[PDB]
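**Student:** Have a look at the structure that comes next, please.
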Amino acid sequence: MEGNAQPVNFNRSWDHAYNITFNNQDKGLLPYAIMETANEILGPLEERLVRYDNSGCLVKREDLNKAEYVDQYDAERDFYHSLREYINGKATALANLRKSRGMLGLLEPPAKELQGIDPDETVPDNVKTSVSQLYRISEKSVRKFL
Amino acid sequence: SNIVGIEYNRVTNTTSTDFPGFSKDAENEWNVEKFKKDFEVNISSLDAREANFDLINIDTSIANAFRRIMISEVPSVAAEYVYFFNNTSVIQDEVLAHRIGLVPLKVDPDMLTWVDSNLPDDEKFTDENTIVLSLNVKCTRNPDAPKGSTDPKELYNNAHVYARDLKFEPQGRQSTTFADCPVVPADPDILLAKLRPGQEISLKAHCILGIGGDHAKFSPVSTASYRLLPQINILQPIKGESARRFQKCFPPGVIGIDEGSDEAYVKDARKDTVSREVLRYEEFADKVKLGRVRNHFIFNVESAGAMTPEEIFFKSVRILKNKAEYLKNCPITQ
Amino acid sequence: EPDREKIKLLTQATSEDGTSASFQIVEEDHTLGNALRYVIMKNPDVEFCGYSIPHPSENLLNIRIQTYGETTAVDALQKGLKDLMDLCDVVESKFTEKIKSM
Amino acid sequence: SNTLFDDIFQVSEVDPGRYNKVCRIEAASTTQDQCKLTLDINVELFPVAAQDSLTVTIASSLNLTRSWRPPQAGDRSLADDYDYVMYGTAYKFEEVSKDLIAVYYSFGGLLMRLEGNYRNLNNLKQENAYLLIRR
Amino acid sequence: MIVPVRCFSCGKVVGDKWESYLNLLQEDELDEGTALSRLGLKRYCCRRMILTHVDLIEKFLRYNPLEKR
Amino acid sequence: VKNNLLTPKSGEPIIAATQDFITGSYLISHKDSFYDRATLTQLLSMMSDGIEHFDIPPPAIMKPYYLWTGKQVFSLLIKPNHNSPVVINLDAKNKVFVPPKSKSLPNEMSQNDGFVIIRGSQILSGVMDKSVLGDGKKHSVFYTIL
Ligand SMILES: CCC[C@@H](C)[C@H]1CC[C@H]2[C@@H]3[C@H](O)C[C@@H]4C[C@H](O)CC[C@]4(C)[C@H]3C[C@H](O)[C@]12C
Ligand SMILES: [Zn+2]
């Protein structure tokens, strides 16, 4: 165990992944894209951990978190939740920065069909480069961290 | 700067900084003409057993190499094997052999040859590589000693076995080679043993030549060391009674007060053993600074008596040059 | 007749072009390694010269010389040995003339 | 150009605490209200006194085997008209407030914090840089 | 048991200074700190060699087995 | 010994720097330790028996002289050349940490080099002591490398 009563240290792993995948020519990710990449990686891992009741059949979604349906895999599930939360925190931080510089904070996906790089009315030489300097999370960085 | 600054709690600037790559100027390349112009030797004292001389504008590595080669690489002759006939003393045979091996012998090391170790003992020692010293002392009661005396020098005959009792026994051509320079100990008054009536010592010591690295008895120098030239800078004039106090922070001959201006000035920085006492007192802070010249070495080579200190230093320089030449002539095996 | 066992070139540490090398020298210690280090660092082409005694029980000395592309490490070592010889000759001459001066 | 940043600073405090060769100086920019500097300086090579004006610039190159080779003597360089050149890496860009960011440089363990409006600190790009200081 | 021939630290021969040191203490009535300096023992490593020496050979020789006591 | 660098009691390193190795490393990594190229090279040959190939980094001080800080010496100790794969990133507190003047400032801007930061393999701040090189702490250099 590499953490304080945790299997993995999230801060050092995130810093390691950011440093060893660093590239100034790599475009950063919007917060919803970071969340989507985290969900894409962590989906099948926590979906194969199906919850069965004591009888041996599937458990309804309304009562997944009840006490009598606690299985041996829950710790794993807990880990994944914490992992997602940590990544979400990073995305939230980026979103907050985008809300402090006058830009639009895309913590949630904008639309199902909306396309194109939607920052286009903000001046590129002033506010885009500043938020790129302060926070730049690439797909390679988050994939390496996961 | 080439001045090792001495502070109250630390020593600063102790490393040599004369090489290209220290700065963008890329100067201080190795030029043998510049080193020949800059290097200086000043002998201040030259006795038969001690030499004092300053090496100026030389690097620390070379002077330290000379010191190390003088201590542990210049060969000298000392007793190596001891054969005992009837040692009846209180002193054990091992102790007596060790003491006899520790005496310095006044033998020129260039008159001998290195002993081949892999040869057997029947033909290992010849007349070219072994000096034989015989000792034979028997102690008897003095028949006409004073009644009221208690000195063993008067109550007994040979109660004190000294190093001058080590007689030299020439073997073969050593009867002619060592005719004008007989083998005597360099310190004849070394007290080897003490006896009482009824005790006897008789032994033969085979003496070969070796280096100081193998054993400390083969080191030709009792001591051989250098020290950097001290340097005292008085940044502000020190007047009156404080100057007298400023005089008491140094050995007596180091600094003095001028009679006219009544201010202290450095008289002889060589006598200054660096005790940095003046750095204890707050009144002399920001008024005096101490240092040592990094490329100004004061060698003091004291011989053990076998041969002159200047010969020892010259042999050390020749040994370093021969090491470099031998490494240059060797082929590099992959 | 030449001493093949005196100085060796450790193949596993040298470079392909001979710019960087490490030499193992038998029956030496700091008294020669330090002098060689000081002399070789005065070569304008040498950017790395350092000696080491790996164990006191072994009478051995490993010296590493890394240069730029102008000269190989073997040439730097030979130049350093020759230059140390010249330094010893100059010191010898000055000392032997100041003895006869007084 | 090669010069990422250039300004003139007024020193307000020199803190040599627990060290004998390295002092931490605090400086405020002249003709720039929001620019502030906190820098570790080898005081023996470059002596700094309080209330002294000194020019600080940050460049990406001094030009006008893989070991580091010093430039040849006599080659013209940006370091020729400066008194103290350091080499280091930018490792942290953080925000102090709106319209105000801080950049952290580490020149082999000697730190520099440069705080100011992000209009002026736009050219710093989180890479290796040279810090040139003169009087 | 007997005065060592050489100083342990440097290597100066101090085995020939024992009798002279005893004579300067006994006959000339010199103090112990000046008799050492008069014999050329300047370094403290040589001074401790015969200043702290215990001459046990005289005590050991009282029990001579080769001669009635 | 290599497979048992960590005690099973807590997972912390148990085989690490002892006395007289922590002190020397602290004196090398002290803030007022500056070495020229000769002393740098001798130190680098002193840690590797004159065998390992070292890529000398550009110096931290350039205009007056060429001086390398001891933190660069330990950066070369962790990663000697480009062929070494060791790239470790960590942030840690020393045994004696004196917090900075302002609470807004980060931990590395403290007095007496309390906070150590390693990015890539360069030691950007802090000194090396029992917290970073010794035993008992999970943020040490050797623990990260292992
Ligand atoms: C085989 C080696 C011989 C070697 C040890 C002999 C042969 C040549 C000798 C030197 C020269 O005589 C010149 C000087 C004369 C002075 O009086 C004493 C010193 C002096 C430097 C000599 C020392 C020594 O005596 C040497 C080097
Ligand atoms: Zn002594």
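Method reported for this entry: electron microscopy, 2.8 Å.
For all residues, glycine too, the Cβ spot is worked out from N, Cα and C.
OK, Swiss-Prot features for this one:
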type: BINDING; residues: E:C7, E:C10, E:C45, E:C46; note: Zn(2+) binding site
type: CROSSLNK; residues: E:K59; note: ubiquitin cross-link
**Student:** Sort out for me which one of E:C10, E:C45, E:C46 has the most neighbouring CB atoms within 10 A, since those are the binding-site residues we care about.
**Tutor:** E:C46
**Student:** Taking only the recorded positions E:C10, E:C45, E:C46, E:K59, which have a CB closer than 6 angstroms to any atom that belongs to ligand 2?
**Tutor:** E:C10, E:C45, E:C46
**Student:** Sequence order please: the recorded positions E:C45, E:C46, E:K59 that have their Cβ under 8 Å from a chain B Cβ, otherwise just none.
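**Tutor:** Near chain B - Cβ to Cβ under 8 Å - we find none.
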**Student:** Taking only the Cα atoms, work out how far E:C7 (Zn(2+) binding site) lies from the residue listed as 'ubiquitin cross-link', in Å, as a whole number.
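**Tutor:** Counting only the Cα atoms, the answer is 23 Å.
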**Student:** Can you see whether DSSP assigns the residue listed as 'ubiquitin cross-link' to helix, strand or coil?
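**Tutor:** Where the residue listed as 'ubiquitin cross-link' sits, the three-state DSSP reduction gives helix.
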**Student:** For E:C10 (Zn(2+) binding site) and E:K59 (ubiquitin cross-link), what Cα-Cα distance in Å is obtained after rounding to a whole number?
**Tutor:** 29
**Student:** Enter the number of other CB atoms within 10 angstroms of the CB of E:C7 (Zn(2+) binding site).
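**Tutor:** If we count other Cβ atoms within 10 Å of E:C7 (Zn(2+) binding site), we arrive at 21.
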**Student:** Reported as an integer number of Å, what is the Cα distance between E:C46 (Zn(2+) binding site) and E:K59 (ubiquitin cross-link)?
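**Tutor:** E:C46 (Zn(2+) binding site) and E:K59 (ubiquitin cross-link) have their Cα atoms 24 Å apart.
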**Student:** Have a look around E:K59 (ubiquitin cross-link) and count the other CB atoms within 10 A of its CB, chains all included.
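**Tutor:** Summing over all protein chains shown, E:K59 (ubiquitin cross-link) has 10 other Cβ atoms within 10 Å.
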**Student:** Cα-Cα, whole number of Å: E:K59 (ubiquitin cross-link) versus E:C45 (Zn(2+) binding site)?
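**Tutor:** It is 26 Å, counting Cα to Cα.
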